[PDB]
Structures are given as C-alpha cells and as structure tokens.
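A.B. asks: Enclosed are the sequence and the experimentally obtained structure.
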Amino acid sequence: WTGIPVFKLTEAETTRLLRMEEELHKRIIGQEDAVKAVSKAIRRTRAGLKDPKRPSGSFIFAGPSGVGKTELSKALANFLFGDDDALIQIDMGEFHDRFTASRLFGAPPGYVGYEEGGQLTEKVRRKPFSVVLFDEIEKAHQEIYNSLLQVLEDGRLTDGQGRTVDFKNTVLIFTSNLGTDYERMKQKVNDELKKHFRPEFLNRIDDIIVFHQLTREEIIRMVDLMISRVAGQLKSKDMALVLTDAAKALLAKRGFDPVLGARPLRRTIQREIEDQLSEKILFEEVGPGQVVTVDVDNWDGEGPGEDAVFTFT
Amino acid sequence: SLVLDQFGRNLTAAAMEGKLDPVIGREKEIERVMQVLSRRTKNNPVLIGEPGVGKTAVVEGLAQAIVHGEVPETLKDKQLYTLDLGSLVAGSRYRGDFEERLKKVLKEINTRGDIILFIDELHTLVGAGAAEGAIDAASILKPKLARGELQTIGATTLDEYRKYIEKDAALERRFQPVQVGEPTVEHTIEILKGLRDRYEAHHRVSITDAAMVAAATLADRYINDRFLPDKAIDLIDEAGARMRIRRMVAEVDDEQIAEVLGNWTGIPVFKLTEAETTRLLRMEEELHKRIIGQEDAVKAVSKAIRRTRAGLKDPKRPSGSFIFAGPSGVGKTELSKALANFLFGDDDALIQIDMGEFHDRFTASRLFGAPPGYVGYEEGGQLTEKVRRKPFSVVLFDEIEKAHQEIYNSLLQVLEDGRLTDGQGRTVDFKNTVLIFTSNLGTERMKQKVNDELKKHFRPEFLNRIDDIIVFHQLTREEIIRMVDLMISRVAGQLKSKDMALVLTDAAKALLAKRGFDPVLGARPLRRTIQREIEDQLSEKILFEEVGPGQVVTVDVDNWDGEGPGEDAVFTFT
Amino acid sequence: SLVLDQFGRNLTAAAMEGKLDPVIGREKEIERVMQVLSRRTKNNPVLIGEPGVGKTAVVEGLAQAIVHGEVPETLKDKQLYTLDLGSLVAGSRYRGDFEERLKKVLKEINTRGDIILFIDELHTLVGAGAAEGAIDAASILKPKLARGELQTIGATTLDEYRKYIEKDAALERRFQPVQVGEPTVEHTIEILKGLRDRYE
Ligand SMILES: Nc1ncnc2c1ncn2[C@@H]1O[C@H](COP(=O)(O)OP(=O)(O)O)[C@@H](O)[C@H]1O
Ligand SMILES: Nc1ncnc2c1ncn2[C@@H]1O[C@H](COP(=O)(O)OP(=O)(O)O)[C@@H](O)[C@H]1O
Ligand SMILES: Nc1ncnc2c1ncn2[C@@H]1O[C@H](COP(=O)(O)OP(=O)(O)O)[C@@H](O)[C@H]1O
Ligand SMILES: Nc1ncnc2c1ncn2[C@@H]1O[C@H](COP(=O)(O)OP(=O)(O)O)[C@@H](O)[C@H]1O
C-alpha cells in the first residue's frame, strides 16, 4: 500500500543489512563514522525498535567541501531504492530570502498558489519512506528552520492546505560547510555550529557527524572508483579503458590537495585523460572494437612528475 | 450490453480483436489491482501515477489477462467497460434523463453482474449533473461504492488526485491507492521489444535492437519534461513515420532518432559527419577569426565542447563551467559571443544576464521566480524559462563581482548537479548548458593576484565547483594590430551597405596601433580613437557630399615618418 | 460535413479558391508537422511560437500543400478544418448541448476519416465550458487523442502555453511541441517577395 518496508526480515536482506557498511563503502571511501552511524540508524529503523514520534534518522553533515557529504546520502538512497533519483533533494541555497519559506509547505489560503499545496510535503506524501536532503543548510536564513523545528522532534508538519504530513518514516540529512589534527577541527566545527545554530534546534538532531579529511589511500582508491564512470561511459560506444599503476599514481599525485576535496581529482582526470581521449576519438585514432591502454611515460613513479605524459594505444 | 454500448466501450470486446497494445512488465501492478478487486467490501482500486507511465496500459493489460484466461475464479468472464461520462451528460435536456441513464446503467450492470466498470480520468465524478454539493454521479455511486457490491477501477494523476479527489475525502475513502511506478530504462527496453511489432507493421519499416536501446538511453538522459516509456514510444512512432515518408524495406537506426532529438529538443547529439568533424577539430582557428589572443581560454573551451560532442561529458555535471578573469576589454564577453556564433550562428541565441542588477539581497528571486502567495508567481523565473526554451544554450553572467554571495549560494547546485528548482517547484535541467562567468578582478604575477582575489571574494566551495579558472592576459602590439584589422574589416562591411568601398594603408594602421597601446587597452580604448579620427571624418565628409556612393575611399597618412609617435600626423581621406 | 460547417471553416475549401496567402520558407516546420501527422499513436502536434510569426500561416501552408498535392500518401484527399470552440459552446442554454455537439462532431470525424482538426487558441480546450454540472471538452478529447484515432493541430504562444497547457500535464502528454522560430532577415525578404504580388 504505502511502501513502508515493515516486513519480515528475510535472509537475503538481513545479510545485506549486516554487510551494508561494505555496500556503502563500495561507493563511499573513508568517512567510517558517518557510514557506521547511518548503518546503526537504518538497523534501528528496520528492527522495529524506534521512537514512534521521532523520525527514522536525523543527522547534520559538516566538514570540507567535496568530502562525500552529499554522496553518502545519494548512495544511501541508491541502497534503499535502487536509484539516485528517488532521493528528495531540497536545495536550501535558493532560500536566502525570508519570504521563500512558503516554497516548502505551500501557500496560505486566500493567496495565489494555494491549490497546488507544498513541494516537499507532496513528495513526502507520495513516498513516505524516503530520504530528504537539505543541502547548504547554513546558507538559508534561520527563519526557515522553524518549520522543520517541529518535524525534527514530532515528525509532523502542516501544509498551507491544512492537512498534516508525517515524517516518521523519513530520513533527514543536512549538509553544511562550517569550520572550513582531526579533533581540533572537530571542535572548531562544533563551536561554529553552536554559534551559528540555536541550541534549541540542535538538540532535535539524532547525531552530529564531522566529516574526516580525505587522505592519500582514499584518493588512490578514488581514482579507480571514479574512472569506473568514464570506463562505463566508454562501454556505451564499444570502447575499453584500462589504466596502468603508474597512471593511477600520477593521477593521484597531481590531484592531492588537503585544502580542497575530490573535485580536484575530477579536474585532474578531466584535463589529462578525458580531453585526450575525446581528441583521439574525433581524430579517429581509436575505433570500434578497440581497447585503450593508458600508460605514463617519462616518470619513475616516485618523483612529483612535472614532465610525465600519458601514452594511448 | 444494449445500454452500456450507448454510453461506454467494451474493452474486452476490443481485446477479442486484439486492437489493444500488448502490455509487458506490469505483472505486479496487475496482481495488485486484481488483489484489490478480490475484496469483499469497498473493492475499488484507483490507478494513481504520473502522466505517461502506462496507467491505461494497466487496464488493457488486465483485459488481455482476462481474455487469455490467466485470471482466478473471481474475475473470470468479466466484460470490462470504460465509461464516457460525457455520453451520460450529453443529450439530457432535463435532470431526469441524466440520472435515469445512470440508474439504468447501474441496474443493468447489477442485474448481469459480470461487468467491471472502468472510469478513465477519474476526477470528473465530482460534479456531473450539478455541483459538488448537489445531485451528481458521485453522490449516486456513494452507496454502491461504500457497500462494495460494484467493481470499479479508475486512473488519475498525482496533481489531479490532489486537485480534485483529495479535497473531498469521501471520494478518496472508497478508493485504495495503487501507485503505477515510472518504468526503469531496461523496463522500457522490454516494453519497446514488446511493442516493436505494431509500429513495424503500421510504419512498414524495420527497427534494430540498438535503435530502441539508444532511444531509451537518450530519452531518459536528456528530455526532462516527459516520462518513460511514453517519450521513447513517441520517438519510435515518429521515426517509423519519417522513414515511411522518406520512402515515398527501410531500417531505423540510432542516427535517425539522434536527428529527431536534435529536431525536438535542439540537442546536437548526432552521429558526427565529416564536415562538422573537421570543423570541431579546427574550430580553434575559427574562434581566432573573431577573438584574437588568449589561446589558453580558447583551447580550454574547445576541449570542453569537444568532450561534449564526443559523448564523453559527465551526465550529472553540465557541459562546461568557466570563470573568465582578467582586465577589462580583453574580450571576455567576446569569447562567449564567439562560442554563441559557433554553436548557433547568431549572437542573439546567447542568453545573457547581468549581475550588476543583482547588487541587493532582495533581487535573488529574479532568477527562479517568486515564492507561493506573493506577486510574480504566475510568470515564474526569468533564467529558468529561458533555459526551458533552449536546453542547449550558453548562459552568461556579466560582471560577476557585482553580484553578492546569495546568488552564488543559489547557483552552487547548478554548478554541481545542474538542476534548478523554480518558485513554481519544478526542476529545470542544466545538463546541456555551458556556464560562463566574467570577472574583472585583481587589477605570471597576474595569475597569483587574480587567484588570491578570487579566493578572497568567493567562498571555497564555489571555487571548488568551477571547472577551469582562466586568467586573461594583457594584449600585445601584434594583437592590437589585429584588433585594428578586425575594426577596419567591420567598418568596411558596414560601409559596403551604402555602395561605398573602404581601404586603409599600412602606415595609417601602424599609426592607429601607436595611438592605441596602454595597460588600460582592450577594445574600449582604440575604438574611441577610431570613432574620433576615422569614423568621424568619414561621416563628416559623406554628409556634405564628398566620398559619396560609387567611389572607393582610401585612408592614407601625412606628415609622418612611420616610426615616430605621429602626433603631427593627419589622416587623409582620398 | 453537414454538421461541421456550422462549427468550423474548411481551409481546404479556402485552398480551392486560393484565399490564403502563399507561405515562403517554412519547409522545415511543414515537413516536421507532416511527420507528426504520420504517426500512429499521439499524432497531434502543437505549433508553439511567438505571436505574429505565422503559426496560422503554417496551417495555411499545410492547406496549400494539400491542394497542390505534394504531401505523402497518408495525407492525400483529406480536408483540413479549423475548429471554432466558441461556436461549439455558444448556443447551449443548458448543460448537455455542448457535449452532444462535441460527440456529434467527433462521430462525424470518425465516420469520415479524412478530416484534420486545427484549434486556434489551444489553451481554451481546458475549461471549454465549466459549469456546476458540466464536463469540459478537454477530458472528452483526452482518450481520443491518447490512442490516436483523432488527429488535430494547434497554435499557442509560449507564454500562454506555460500559463495553461503546462498546468495540465494530461493535455501536455497528448501534444508534440513544434517550435516555430523567428524568421531571419533573408527569410523576411523572401516572405515579402512572396506577398508582394498580393499586396500590389
Ligand atoms: N567518499 C567518497 N566517495 C566517492 N566520491 C566522493 C567521496 N567524497 C567526495 N566525493 C566526490 O565529491 C563530490 C561531491 O561532493 P559533496 O559531498 O557534494 O560536497 P559538499 O557536501 O560540500 O557539497 C562528488 O563529485 C564525488 O565524486
Ligand atoms: N507496458 C506497456 N506496454 C505497452 N504500452 C505501454 C506500456 N506502458 C505504457 N505504454 C504506452 O504508454 C501510454 C501511457 O498512457 P497512460 O499514461 O496510461 O494514459 P493516462 O495518463 O490517460 O492513463 C499508453 O498509450 C501505452 O500505449
Ligand atoms: N580580442 C578581441 N577581439 C574581438 N573583439 C574584442 C576583443 N576584445 C574586446 N572585444 C570587444 O570589446 C568588448 C569587451 O568585452 P569584455 O572584454 O568581455 O568586457 P569586460 O572585460 O568589461 O567584461 C567585447 O564585447 C568585444 O566585442
Ligand atoms: N512564410 C510566410 N509567408 C507569408 N506570410 C507569412 C509567413 N509567415 C508568417 N506570415 C504572416 O503571419 C501572419 C500570421 O500570424 P498568426 O500565426 O496568425 O499570429 P497569431 O497566432 O498570433 O494570430 C499572417 O498575416 C501572415 O501574413
């Protein structure tokens, strides 16, 4: 009827639930605390022991930019529903104005736009078991926080139409950028949140998670896990990509920067490999039924490699 | 049967002759609706779903299941009828005719007892003979639907279920919701495999596996205002139509549906022809015809769009996002204009929005429209509808420093995921757009100064979202000489419209170059010089009848050695 | 035909006497709309365009193509009728006259099979007479356009398209958007050269 997975725990889904930390780790590298907390939340939800009034899960994500705060939520949505589109993505960046709070729950009666009701309220009513993402929560005003102040404790919200929607089976995730060796920046993030967010609001969130900074082993795994996307895109045109170990080492070497996130790795691969592949494809260097072997020339594998180049077969 | 035919259509009798489309992949939905239909009391399901997911296909699938005999004992030999409420209300000069027709219909289907009734586009029950609070069809059906002696199924959409059914809770009480999910890409693949035969027979053509595979792929990837499998079915139907037109056995392949998608949504996702291939590999010189210098930016944008055209561009990020930083006048807007001319042939196809007007915090609602309950809700956003007219377009943000941080906060989602939710609540696609941001900031050393100024005046996540950071360098003497070349070229092009021919000597051009070199150059200076010392004299001479039409004008120089400052030099117009 | 003349005007009969101005340079739009009319299911295009570009001129060019007979076999010997929604909804004085008239018109189209409809000001299809006990024409024509036994074309300004047609996703579903863009400079010159004879 309503899609809420209050079922008998079969063996397959049980074995999936015990091992879902690895399943989230298939896409999310690092951030073991956040993945563990999400696993505990979903285990508490599916075991039937939960506070009826409170939602299934409420968390706030903070840390550097591009550390998978949104990606963990997207992977969780893919885990629960089978696709990334099912995630309710409400972006708080266009809610800088105070008067824009009506976009969430709807228009009051007597005004224009009363008939279609709210936006997130309707989407919650359609899919009661869904994860709702609020990106850039620091960037909207604190006035809009008050509508969610009810659902982070009671899980009920009243639209402009007047009907009450429920948030008891929804997972709420908030992502911010406050603060931006681990515990000092964790305390800095805590102080930033305490000064910027009212303490009465912060107590209604089940857990606060500080995202850890990306390290070298994380980015060397990241190169493979993200070039898998390029390989899969190439497979749509009967193209095969393989990277040498030196290719991975050079890609991680030129994209390592602790002050930014993983988007530098995207920049590195985009400016080094993908553009060259596009040039060779449109110049017909490689054709259908052919594989591509990318190797690093003029490098030892240990130096910084300011002169290393990529060879294509 | 003698009464139902006058006001309805037998779907089972249609299934006798096989006029219905075969339905595949909806076994779960069929089992759910039959599970509702097997109830004792209040056994009436409703097909709730998005427009274009196969809600009707559910009921023809049910009819096919009945006529094949897959049904259990409770649904055997049940004639299935869709009901035209328009046929009920038509021809009723008095109320007695209308609800007499309705009571005769319900009495007949109760007496026979083997008719399942279908209501298509269900919301019309609230108000049939009169208003909601008077006698209508729904009020008559309340005792029959409540006690559950009548089996009725219906289909409605989410917005309609919210705008017609839900405001009267009595209607939604008697209907169990059964959601018809939008099929996945492989699900639409099997659906296309199933419906291959009818379209191949009608259009007298042949369709290959790669054809509808690529059709489903591009349909899910690119079009963001329609829903599967409907748009892919539309593409297959019109593609068979195009081949049938072109013949007066043909084969339907991926290049045809690619050309169709280009015709429909304007996306140039085509099988690359040789001429446009050589154009794309050599478009750097084509850009260098208009914008001269700044090789790094031209090469970067060339690489980005070469990625876009080769199908190697990431679906969830846009085609390309760039910050154009440098001193004023170098040609940052000229580069975007040149890309617009290359992509579309015209400069008006470039959607240009200035950030100077967004100098206040209250101006943030202009891009994506007004919140509900306020003025300006009906027309919606400004940039969102402009993107909606043309999915493949380049957007320009002139003088990005004048904008304040709330604009970048509202645009971070466009930079990263490439979606934008308007005030209406609809998501607007940006996966086929090119992002251009022009900055005049920081004025080898200029690179560091510009980067420091950008990281000072922008948040770290915004500079993380942007793809490539480009610092425009100051022009050179050869570059301003080629500026003079372009200037005299466009001046002569304007002059040819009035039966006049224009030419300049090398010495005059060198004098123009000598009077047009400073670090405050670009094009805003040395165009003042042209308009003052060449255009002014030409207009002056042509208004009092010298150098008129039919005579070629040559611009020379006098009292100059060709090397000095040329302050005493005077332009001569022969 | 004995019922349709009281509610519509035959553009094919207008094309018999050449009462429509010649159309120049709209080959791409006319071939696209002719392609959409060749479909089996949901063969109903809409000419979305800025007002004053010649959305009605595209339909007149279709009529000229029909009378000159260069259309493929799927449009041979078919009359193009425009539909006057006002005349349909004008004389009712009751509740059931409008639906009876619309059903009679659709029955005539079904029993003839050589009529293509054109609806000026398409957005009036939704709420084409909305009383307390009235059912609009849009819901009546939804099943007819869904399967495709009814073939119609429409012209709509993008603004009013977004105001009314987009608000009802069901009517958006049955309709194929065909964009009629602004003519270029040389296109305007060619159109003026075409119209020069009639204007002199
Ligand atoms: N652990 C991870 N696994 C996979 N991708 C990651 C991970 N961390 C970061 N990314 C990359 O970061 C990008 C998303 O960053 P995001 O978390 O949205 O930053 P922010 O939360 O500041 O907006 C994605 O493109 C993704 O490739
Ligand atoms: N599984 C399927 N098999 C065959 N055709 C399908 C299937 N799913 C959808 N379709 C086609 O897509 C269209 C969906 O129409 P639908 O959305 O049910 O109309 P409505 O919105 O009025 O219920 C139908 O015309 C049908 O031909
Ligand atoms: N190198 C150039 N080639 C051709 N035209 C140019 C060049 N530089 C500037 N222009 C002209 O001068 C104008 C200046 O544009 P731009 O440098 O972007 O201004 P700003 O720096 O204030 O954004 C452009 O619109 C263009 O028409
Ligand atoms: N190719 C063409 N040849 C001749 N006239 C044209 C052409 N294109 C447009 N027109 C002119 O456009 C006008 C039709 O505009 P129309 O579509 O009726 O606008 P609206 O839909 O706003 O009423 C006619 O008067 C016609 O003369």
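C.D. replies: Sure thing, it's come through. Numbers count the residues shown, from 1 in each chain, chains lettered A, B, ... in the order given. Ligands and ions are numbered 1, 2, ... in the order given.
A.B. asks: from the chain's centre, how far out does stretch A:31-47 sit?
C.D. replies: Centroid displacement of stretch A:31-47 relative to its chain, using C-alpha atoms, centre = their mean, to the nearest Å, is 15 Å.
A.B. asks: Hmm, I typed the wrong one, I wanted stretch B:399-412.
C.D. replies: Using C-alpha atoms, centre = their mean, the offset of stretch B:399-412 from its chain centre is 24 Å.
A.B. asks: go on, stretch B:178-188?
C.D. replies: With C-alpha atoms, centre = their mean as the basis, stretch B:178-188 stands 23 Å off its chain's centre.
A.B. asks: and what of stretch B:90-108?
C.D. replies: 47 Å.
A.B. asks: Chain A: helices as residue ranges?
C.D. replies: Ranges of helices in chain A, per DSSP state H, are A:11-18, A:20-25, A:32-46, A:69-81, A:102-105, A:120-126, A:145-151, A:182-196, A:199-202, A:216-235, A:245-254, A:263-269, A:275-282.
A.B. asks: Go through those helices and name the closest to ligand 2.
C.D. replies: Ligand 2 sits nearest to helix A:120-126 of all these, at 16.3 Å, using C-beta to the nearest ligand atom. Heads up, the C-betas are built off the backbone N, CA and C, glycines and all.
A.B. asks: Kindly export that closest one (C-alpha atoms) in CSV.
C.D. replies: The C-alpha atoms that make up helix A:120-126 are tabulated as CSV, following Å, rounded to 0.1, in the frame of the first residue of the first chain:
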residue,chain,number,x,y,z
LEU,A,120,8.3,18.7,-0.1
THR,A,121,5.0,17.9,1.7
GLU,A,122,3.6,16.4,-1.5
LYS,A,123,6.8,14.4,-2.3
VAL,A,124,6.8,13.0,1.3
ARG,A,125,3.1,12.1,0.9
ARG,A,126,3.9,10.2,-2.3
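A.B. asks: just checking, which of the helices of chain A sits deepest inside the structure?
C.D. replies: Of the helices of chain A, the one with the most neighbours on average (mean count of other C-beta atoms under 10 Å in any protein chain shown) is helix A:102-105, at a mean of 24.
A.B. asks: What is that one packed up against?
C.D. replies: helix A:120-126 (3 or more C-beta pairs under 8 Å, 6 or more residues apart in numbering or on different chains; DSSP states H and E).
A.B. asks: what's the closest residue to chain A within the stretch 101-250 of chain B in contact with, if anything?
C.D. replies: The stretch 101-250 of chain B approaches chain A most closely through residue B:163 (6.0 Å), counting by C-beta to the nearest C-beta. By C-beta atoms under 8 Å, 6 or more residues apart in numbering or on different chains, the contact set of residue B:163 is A:115-116, B:123.
A.B. asks: What values do phi and psi take at the residue in chain A positioned nearest to ligand 1?
C.D. replies: Chain A approaches ligand 1 most closely through residue A:68 (2.8 Å), counting by C-beta to the nearest ligand atom. Residue A:68 has phi and psi values of phi 80, psi 20 when expressed as degrees, to the nearest 10.
A.B. asks: How about the contacts made by it?
C.D. replies: Contact analysis of residue A:68 by C-beta under 8 Å, 6+ apart lists A:28-31, A:211, A:262.
A.B. asks: Need the phi and psi values for the closest residue to ligand 4 within chain B.
C.D. replies: When scored by C-beta to the nearest ligand atom, chain B has residue B:389 as its residue closest to ligand 4, at 17.3 Å. Here is the backbone geometry of residue B:389 (degrees, to the nearest 10): phi -60, psi -40.
A.B. asks: measure it to ligand 3 for me?
C.D. replies: 24 Å (C-beta to the nearest ligand atom, to the nearest Å).
A.B. asks: Setting aside sequence neighbours, what's the nearest residue to residue B:177?
C.D. replies: Nearest residue to residue B:177, sequence neighbours excluded (C-beta to C-beta, 6 or more residues apart in numbering or on different chains): residue B:48, at 5.1 Å.
A.B. asks: Establish whether the helix or strand encompassing that neighbour and ligand 2 are in contact.
C.D. replies: Assessed by DSSP states H and E, residue B:48 sits inside strand B:45-49. No: contact of strand B:45-49 with ligand 2 (C-beta under 6 Å from any ligand atom) is absent, the minimum separation being 7.0 Å.
A.B. asks: In contact with residue 152: list those residues for me.
C.D. replies: Going with chain A. Taking C-beta under 8 Å, 6+ apart, we find residue A:152 in contact with A:55, A:58, A:172, A:201, A:204-205.
A.B. asks: To clarify, I was referring to chain B.
C.D. replies: B:44, B:116-119, B:141, B:145.
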